[PDB]
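Data from data37.cif: mmCIF, N, CA and C atoms
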```cif
data_run
loop_
_atom_site.group_PDB
_atom_site.id
_atom_site.type_symbol
_atom_site.label_atom_id
_atom_site.label_comp_id
_atom_site.auth_asym_id
_atom_site.auth_seq_id
_atom_site.Cartn_x
_atom_site.Cartn_y
_atom_site.Cartn_z
ATOM 1 N N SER I 1 9.450 -31.211 31.344
ATOM 2 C CA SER I 1 9.190 -30.913 32.783
ATOM 3 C C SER I 1 8.747 -29.466 32.967
ATOM 4 N N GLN I 2 7.713 -29.269 33.780
ATOM 5 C CA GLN I 2 7.195 -27.934 34.060
ATOM 6 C C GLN I 2 8.106 -27.248 35.072
ATOM 7 N N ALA I 3 8.729 -28.049 35.932
ATOM 8 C CA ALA I 3 9.633 -27.523 36.947
ATOM 9 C C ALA I 3 10.881 -26.973 36.265
ATOM 10 N N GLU I 4 11.364 -27.698 35.260
ATOM 11 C CA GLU I 4 12.542 -27.285 34.507
ATOM 12 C C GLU I 4 12.267 -25.988 33.757
ATOM 13 N N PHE I 5 11.043 -25.857 33.257
ATOM 14 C CA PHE I 5 10.644 -24.669 32.522
ATOM 15 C C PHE I 5 10.645 -23.464 33.446
ATOM 16 N N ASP I 6 10.049 -23.620 34.625
ATOM 17 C CA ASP I 6 9.993 -22.531 35.593
ATOM 18 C C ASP I 6 11.398 -22.076 35.979
ATOM 19 N N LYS I 7 12.304 -23.035 36.147
ATOM 20 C CA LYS I 7 13.679 -22.720 36.516
ATOM 21 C C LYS I 7 14.349 -21.873 35.439
ATOM 22 N N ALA I 8 14.275 -22.346 34.199
ATOM 23 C CA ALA I 8 14.868 -21.638 33.071
ATOM 24 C C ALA I 8 14.299 -20.224 32.969
ATOM 25 N N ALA I 9 12.993 -20.092 33.181
ATOM 26 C CA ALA I 9 12.335 -18.790 33.108
ATOM 27 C C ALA I 9 12.915 -17.798 34.108
ATOM 28 N N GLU I 10 13.361 -18.304 35.251
ATOM 29 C CA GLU I 10 13.938 -17.438 36.271
ATOM 30 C C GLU I 10 15.393 -17.122 35.970
ATOM 31 N N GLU I 11 16.161 -18.160 35.658
ATOM 32 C CA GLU I 11 17.576 -17.995 35.374
ATOM 33 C C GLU I 11 17.853 -17.063 34.206
ATOM 34 N N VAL I 12 17.006 -17.108 33.182
ATOM 35 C CA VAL I 12 17.214 -16.261 32.017
ATOM 36 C C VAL I 12 17.188 -14.791 32.414
ATOM 37 N N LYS I 13 16.518 -14.493 33.521
ATOM 38 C CA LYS I 13 16.429 -13.123 34.011
ATOM 39 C C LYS I 13 17.728 -12.646 34.662
ATOM 40 N N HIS I 14 18.595 -13.581 35.040
ATOM 41 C CA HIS I 14 19.845 -13.215 35.700
ATOM 42 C C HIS I 14 21.124 -13.490 34.917
ATOM 43 N N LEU I 15 21.077 -13.312 33.602
ATOM 44 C CA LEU I 15 22.263 -13.522 32.781
ATOM 45 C C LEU I 15 23.192 -12.333 33.005
ATOM 46 N N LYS I 16 24.491 -12.598 33.102
ATOM 47 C CA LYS I 16 25.462 -11.532 33.325
ATOM 48 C C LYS I 16 25.450 -10.500 32.199
ATOM 49 N N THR I 17 25.160 -10.954 30.983
ATOM 50 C CA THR I 17 25.088 -10.068 29.824
ATOM 51 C C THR I 17 23.708 -10.223 29.197
ATOM 52 N N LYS I 18 23.112 -9.117 28.757
ATOM 53 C CA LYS I 18 21.788 -9.185 28.149
ATOM 54 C C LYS I 18 21.881 -9.683 26.710
ATOM 55 N N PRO I 19 21.094 -10.714 26.374
ATOM 56 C CA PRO I 19 21.058 -11.322 25.040
ATOM 57 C C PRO I 19 20.821 -10.353 23.882
ATOM 58 N N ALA I 20 21.176 -10.792 22.680
ATOM 59 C CA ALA I 20 20.985 -9.982 21.488
ATOM 60 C C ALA I 20 19.491 -9.932 21.190
ATOM 61 N N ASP I 21 19.077 -8.989 20.351
ATOM 62 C CA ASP I 21 17.663 -8.850 20.005
ATOM 63 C C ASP I 21 17.049 -10.132 19.456
ATOM 64 N N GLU I 22 17.764 -10.796 18.553
ATOM 65 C CA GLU I 22 17.290 -12.040 17.955
ATOM 66 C C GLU I 22 17.037 -13.088 19.036
ATOM 67 N N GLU I 23 17.958 -13.176 19.989
ATOM 68 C CA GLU I 23 17.844 -14.148 21.067
ATOM 69 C C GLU I 23 16.685 -13.831 22.008
ATOM 70 N N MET I 24 16.455 -12.547 22.267
ATOM 71 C CA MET I 24 15.364 -12.159 23.149
ATOM 72 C C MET I 24 14.012 -12.483 22.521
ATOM 73 N N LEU I 25 13.907 -12.310 21.205
ATOM 74 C CA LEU I 25 12.668 -12.621 20.489
ATOM 75 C C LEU I 25 12.411 -14.130 20.496
ATOM 76 N N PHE I 26 13.484 -14.916 20.463
ATOM 77 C CA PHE I 26 13.344 -16.371 20.481
ATOM 78 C C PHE I 26 12.801 -16.773 21.850
ATOM 79 N N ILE I 27 13.358 -16.157 22.886
ATOM 80 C CA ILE I 27 12.955 -16.421 24.258
ATOM 81 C C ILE I 27 11.509 -16.000 24.487
ATOM 82 N N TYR I 28 11.173 -14.785 24.067
ATOM 83 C CA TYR I 28 9.819 -14.290 24.248
ATOM 84 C C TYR I 28 8.771 -15.145 23.537
ATOM 85 N N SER I 29 9.007 -15.454 22.266
ATOM 86 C CA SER I 29 8.035 -16.229 21.507
ATOM 87 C C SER I 29 7.820 -17.643 22.035
ATOM 88 N N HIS I 30 8.890 -18.325 22.426
ATOM 89 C CA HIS I 30 8.730 -19.680 22.940
ATOM 90 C C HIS I 30 8.101 -19.711 24.327
ATOM 91 N N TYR I 31 8.359 -18.680 25.122
ATOM 92 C CA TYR I 31 7.770 -18.594 26.450
ATOM 93 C C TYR I 31 6.242 -18.518 26.300
ATOM 94 N N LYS I 32 5.782 -17.676 25.376
ATOM 95 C CA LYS I 32 4.350 -17.510 25.131
ATOM 96 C C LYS I 32 3.732 -18.790 24.579
ATOM 97 N N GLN I 33 4.408 -19.399 23.606
ATOM 98 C CA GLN I 33 3.922 -20.625 22.972
ATOM 99 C C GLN I 33 3.785 -21.781 23.960
ATOM 100 N N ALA I 34 4.688 -21.831 24.937
ATOM 101 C CA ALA I 34 4.693 -22.889 25.943
ATOM 102 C C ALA I 34 3.689 -22.688 27.073
ATOM 103 N N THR I 35 3.295 -21.444 27.317
ATOM 104 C CA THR I 35 2.362 -21.153 28.394
ATOM 105 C C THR I 35 0.941 -20.923 27.903
ATOM 106 N N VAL I 36 0.779 -19.997 26.967
ATOM 107 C CA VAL I 36 -0.535 -19.683 26.418
ATOM 108 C C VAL I 36 -0.912 -20.620 25.272
ATOM 109 N N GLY I 37 0.055 -20.922 24.417
ATOM 110 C CA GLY I 37 -0.199 -21.779 23.273
ATOM 111 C C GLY I 37 -0.251 -20.902 22.038
ATOM 112 N N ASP I 38 -1.067 -21.271 21.050
ATOM 113 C CA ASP I 38 -1.191 -20.478 19.825
ATOM 114 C C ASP I 38 -1.592 -19.044 20.149
ATOM 115 N N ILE I 39 -0.953 -18.098 19.473
ATOM 116 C CA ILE I 39 -1.218 -16.680 19.688
ATOM 117 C C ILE I 39 -2.723 -16.377 19.668
ATOM 118 N N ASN I 40 -3.186 -15.639 20.673
ATOM 119 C CA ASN I 40 -4.605 -15.316 20.789
ATOM 120 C C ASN I 40 -4.853 -13.833 21.048
ATOM 121 N N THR I 41 -3.902 -12.998 20.643
ATOM 122 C CA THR I 41 -4.015 -11.560 20.844
ATOM 123 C C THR I 41 -4.025 -10.809 19.525
ATOM 124 N N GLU I 42 -4.380 -9.530 19.596
ATOM 125 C CA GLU I 42 -4.425 -8.676 18.420
ATOM 126 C C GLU I 42 -3.054 -8.056 18.169
ATOM 127 N N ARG I 43 -2.639 -7.988 16.905
ATOM 128 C CA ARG I 43 -1.336 -7.416 16.573
ATOM 129 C C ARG I 43 -1.325 -5.930 16.928
ATOM 130 N N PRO I 44 -0.247 -5.455 17.571
ATOM 131 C CA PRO I 44 -0.136 -4.044 17.960
ATOM 132 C C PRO I 44 -0.198 -3.079 16.775
ATOM 133 N N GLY I 45 -0.525 -1.820 17.072
ATOM 134 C CA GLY I 45 -0.635 -0.795 16.048
ATOM 135 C C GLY I 45 0.660 -0.400 15.358
ATOM 136 N N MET I 46 0.531 0.480 14.369
ATOM 137 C CA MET I 46 1.655 0.962 13.562
ATOM 138 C C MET I 46 2.875 1.485 14.326
ATOM 139 N N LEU I 47 2.646 2.333 15.325
ATOM 140 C CA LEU I 47 3.747 2.924 16.078
ATOM 141 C C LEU I 47 4.432 2.032 17.104
ATOM 142 N N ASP I 48 3.843 0.882 17.404
ATOM 143 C CA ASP I 48 4.451 -0.013 18.372
ATOM 144 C C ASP I 48 5.348 -1.017 17.645
ATOM 145 N N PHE I 49 6.498 -0.539 17.181
ATOM 146 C CA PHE I 49 7.444 -1.373 16.446
ATOM 147 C C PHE I 49 7.976 -2.574 17.237
ATOM 148 N N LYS I 50 8.324 -2.357 18.500
ATOM 149 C CA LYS I 50 8.831 -3.435 19.344
ATOM 150 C C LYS I 50 7.736 -4.467 19.622
ATOM 151 N N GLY I 51 6.513 -3.981 19.807
ATOM 152 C CA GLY I 51 5.391 -4.867 20.066
ATOM 153 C C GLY I 51 5.039 -5.713 18.852
ATOM 154 N N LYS I 52 5.128 -5.120 17.666
ATOM 155 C CA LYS I 52 4.830 -5.846 16.442
ATOM 156 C C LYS I 52 5.851 -6.960 16.214
ATOM 157 N N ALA I 53 7.119 -6.677 16.499
ATOM 158 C CA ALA I 53 8.170 -7.673 16.320
ATOM 159 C C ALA I 53 7.953 -8.870 17.247
ATOM 160 N N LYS I 54 7.605 -8.603 18.504
ATOM 161 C CA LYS I 54 7.359 -9.693 19.441
ATOM 162 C C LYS I 54 6.118 -10.487 19.039
ATOM 163 N N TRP I 55 5.090 -9.788 18.572
ATOM 164 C CA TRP I 55 3.857 -10.445 18.147
ATOM 165 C C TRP I 55 4.124 -11.360 16.939
ATOM 166 N N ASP I 56 4.847 -10.840 15.948
ATOM 167 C CA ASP I 56 5.148 -11.617 14.751
ATOM 168 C C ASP I 56 5.956 -12.875 15.071
ATOM 169 N N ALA I 57 6.894 -12.762 16.010
ATOM 170 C CA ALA I 57 7.727 -13.898 16.399
ATOM 171 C C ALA I 57 6.870 -15.013 17.002
ATOM 172 N N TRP I 58 5.930 -14.636 17.857
ATOM 173 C CA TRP I 58 5.043 -15.602 18.490
ATOM 174 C C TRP I 58 4.103 -16.193 17.435
ATOM 175 N N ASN I 59 3.596 -15.337 16.557
ATOM 176 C CA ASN I 59 2.689 -15.779 15.508
ATOM 177 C C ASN I 59 3.325 -16.867 14.650
ATOM 178 N N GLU I 60 4.607 -16.691 14.352
ATOM 179 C CA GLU I 60 5.358 -17.635 13.535
ATOM 180 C C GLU I 60 5.375 -19.054 14.127
ATOM 181 N N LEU I 61 5.223 -19.163 15.444
ATOM 182 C CA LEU I 61 5.237 -20.469 16.112
ATOM 183 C C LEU I 61 3.878 -21.174 16.150
ATOM 184 N N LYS I 62 2.861 -20.571 15.541
ATOM 185 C CA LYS I 62 1.532 -21.171 15.566
ATOM 186 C C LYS I 62 1.552 -22.623 15.090
ATOM 187 N N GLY I 63 0.938 -23.496 15.883
ATOM 188 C CA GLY I 63 0.899 -24.912 15.548
ATOM 189 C C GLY I 63 1.896 -25.741 16.343
ATOM 190 N N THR I 64 2.842 -25.075 16.998
ATOM 191 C CA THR I 64 3.853 -25.761 17.799
ATOM 192 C C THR I 64 3.241 -26.230 19.118
ATOM 193 N N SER I 65 3.491 -27.479 19.493
ATOM 194 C CA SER I 65 2.937 -27.997 20.740
ATOM 195 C C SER I 65 3.632 -27.332 21.920
ATOM 196 N N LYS I 66 2.918 -27.216 23.033
ATOM 197 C CA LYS I 66 3.492 -26.602 24.221
ATOM 198 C C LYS I 66 4.713 -27.388 24.686
ATOM 199 N N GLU I 67 4.676 -28.706 24.492
ATOM 200 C CA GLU I 67 5.781 -29.575 24.886
ATOM 201 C C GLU I 67 7.035 -29.246 24.089
ATOM 202 N N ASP I 68 6.884 -29.100 22.776
ATOM 203 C CA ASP I 68 8.022 -28.779 21.928
ATOM 204 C C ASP I 68 8.540 -27.380 22.238
ATOM 205 N N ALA I 69 7.624 -26.440 22.458
ATOM 206 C CA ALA I 69 8.002 -25.066 22.778
ATOM 207 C C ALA I 69 8.800 -25.024 24.082
ATOM 208 N N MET I 70 8.350 -25.777 25.084
ATOM 209 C CA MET I 70 9.040 -25.818 26.373
ATOM 210 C C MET I 70 10.458 -26.351 26.233
ATOM 211 N N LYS I 71 10.603 -27.414 25.451
ATOM 212 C CA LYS I 71 11.902 -28.042 25.217
ATOM 213 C C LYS I 71 12.861 -27.063 24.546
ATOM 214 N N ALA I 72 12.377 -26.400 23.501
ATOM 215 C CA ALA I 72 13.182 -25.437 22.765
ATOM 216 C C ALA I 72 13.548 -24.246 23.649
ATOM 217 N N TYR I 73 12.624 -23.849 24.519
ATOM 218 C CA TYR I 73 12.852 -22.726 25.424
ATOM 219 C C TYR I 73 13.960 -23.048 26.427
ATOM 220 N N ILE I 74 13.820 -24.175 27.117
ATOM 221 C CA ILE I 74 14.811 -24.592 28.103
ATOM 222 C C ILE I 74 16.187 -24.770 27.458
ATOM 223 N N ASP I 75 16.226 -25.402 26.287
ATOM 224 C CA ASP I 75 17.489 -25.618 25.588
ATOM 225 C C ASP I 75 18.202 -24.312 25.256
ATOM 226 N N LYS I 76 17.436 -23.314 24.828
ATOM 227 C CA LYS I 76 18.001 -22.016 24.476
ATOM 228 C C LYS I 76 18.555 -21.299 25.706
ATOM 229 N N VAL I 77 17.846 -21.394 26.825
ATOM 230 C CA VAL I 77 18.304 -20.745 28.048
ATOM 231 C C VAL I 77 19.630 -21.348 28.495
ATOM 232 N N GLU I 78 19.760 -22.666 28.385
ATOM 233 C CA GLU I 78 21.006 -23.322 28.768
ATOM 234 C C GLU I 78 22.120 -22.829 27.849
ATOM 235 N N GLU I 79 21.777 -22.620 26.582
ATOM 236 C CA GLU I 79 22.730 -22.135 25.592
ATOM 237 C C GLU I 79 23.189 -20.725 25.968
ATOM 238 N N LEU I 80 22.237 -19.875 26.344
ATOM 239 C CA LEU I 80 22.555 -18.502 26.721
ATOM 240 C C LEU I 80 23.331 -18.450 28.034
ATOM 241 N N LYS I 81 23.052 -19.396 28.926
ATOM 242 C CA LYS I 81 23.738 -19.459 30.214
ATOM 243 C C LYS I 81 25.238 -19.671 30.016
ATOM 244 N N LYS I 82 25.595 -20.584 29.119
ATOM 245 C CA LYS I 82 27.000 -20.869 28.857
ATOM 246 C C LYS I 82 27.677 -19.755 28.061
ATOM 247 N N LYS I 83 26.926 -19.129 27.158
ATOM 248 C CA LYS I 83 27.453 -18.058 26.313
ATOM 249 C C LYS I 83 27.733 -16.748 27.054
ATOM 250 N N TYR I 84 26.750 -16.271 27.811
ATOM 251 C CA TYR I 84 26.902 -15.022 28.546
ATOM 252 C C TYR I 84 27.273 -15.222 30.012
ATOM 253 N N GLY I 85 27.097 -16.441 30.510
ATOM 254 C CA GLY I 85 27.419 -16.718 31.898
ATOM 255 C C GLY I 85 26.320 -16.257 32.837
ATOM 256 N N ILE I 86 26.257 -16.861 34.018
ATOM 257 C CA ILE I 86 25.239 -16.499 34.997
ATOM 258 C C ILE I 86 25.808 -16.620 36.411
#
```
For the file at hand, write its structure as structure tokens.
Amino acid sequence: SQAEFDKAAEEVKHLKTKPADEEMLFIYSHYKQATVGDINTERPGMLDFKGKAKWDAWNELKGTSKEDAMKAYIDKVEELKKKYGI
């Protein structure tokens, strides 16, 4: 569901506690994979360490269908909702 995806995208922004780095990268990469699809941008330069990490995470999902990405995204948000509370 696209409606379910939009909801999760909003709720994830209001978690009582901010997710761990690993969890944020999972969220970022699946969000991109579900909306844009296969990565279509240039990898950031040497000094942009945070940007390179996010780019690599999304790159790793290449080939994943938007449907599967959406499902994994929503499932993770529900997981984070129960873990950190909202």
Target residues per the PyMOL selection byres (((chain I and resi 79-85 and name CA) around 12) and name CA), formatted as number ranges by chain: I: 8-20, 23-24, 26-27, 72-78, 86
Specify as a ChimeraX atom specification each residue included when the PyMOL selection byres (((chain I and resi 60-71 and name CA) around 7) and name CA) is applied to this file. /I:5,30,33-35,37-39,56-59,72-75
Length of the atom CA of residue 22 of chain I to atom CA of residue 48 of chain I vector [Å]: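 Computing the Euclidean distance for atom CA of residue 22 of chain I and atom CA of residue 48 of chain I yields 17.6 Å.
Compared by their closest atoms to residue 25 of chain I, and using all atoms listed in the file, the residues I:49, I:40, I:54, I:6 rank with I:54 nearest.
The space between atom CA of residue 53 of chain I and atom N of residue 21 of chain I spans 11.7 Å.
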Do you have the atom C of residue 28 of chain I-atom CA of residue 45 of chain I distance handy? 18.7 Å
Spatial neighbours of residue 55 of chain I, max dist 8 Å, only C-alpha atoms, sep filter under 4 positions, as a list in words: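 My list of contacting residues is residues 29, 43, 44, 51 and 59 of chain I.
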Edge lengths and centre, in Å to one decimal, as AutoDock Vina command-line options: that's what I need for the box along x, y and z that holds all listed atoms of segment 21-31 of chain I plus 3 Å on each side.
```
--center_x 12.7 --center_y -14.3 --center_z 22.2 --size_x 18.8 --size_y 16.9 --size_z 14.5
```
